[PDB]
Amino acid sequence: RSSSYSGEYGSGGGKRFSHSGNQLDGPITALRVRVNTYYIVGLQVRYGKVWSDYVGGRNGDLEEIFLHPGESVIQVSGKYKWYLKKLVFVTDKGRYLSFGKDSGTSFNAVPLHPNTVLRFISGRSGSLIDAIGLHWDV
């Protein structure tokens, strides 16, 4: 078994979402995070050349970061209360892609199995991001 799951980080509000089928389009190539004053509003992840369907609300500013070719996320940390507040994506190229506000319950996600990276994300959303889950695989 190479696959592993980190989470669920957050509360049980909003509605379930999963990017489980999105991993077929390719590896994670870019990240979109909408963030307001306190919370993380929305999430959107680019798998290969295809962007996922947007999950979350509209009340916030969009932040977009493209990843280098062959660069994959190897650690995910962040903070939350009832809703997700912070996200930091650590890549194998030694980059720390930080989004959101530095306040709340901390978490630090690492892959359980050898040589595995972040392949897709899941969680709960509504008008904000209620919870996030990290899925690791080869």
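Counting begins at 1, following the sequence as shown.
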Which of 96-104 and 41-49 has higher mean CA B factor, as the PDB entry lists it
96-104
Tell me which stretch, 5-13 or 115-123, has the higher mean Cα B-factor listed in the entry.
5-13
Could you look up the Cα B-factor of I65 in the entry and say which third of the chain it sits in: lowest, middle or highest?
highest
Lowest, middle or highest third: where is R34 by Cα B-factor in its chain?
lowest
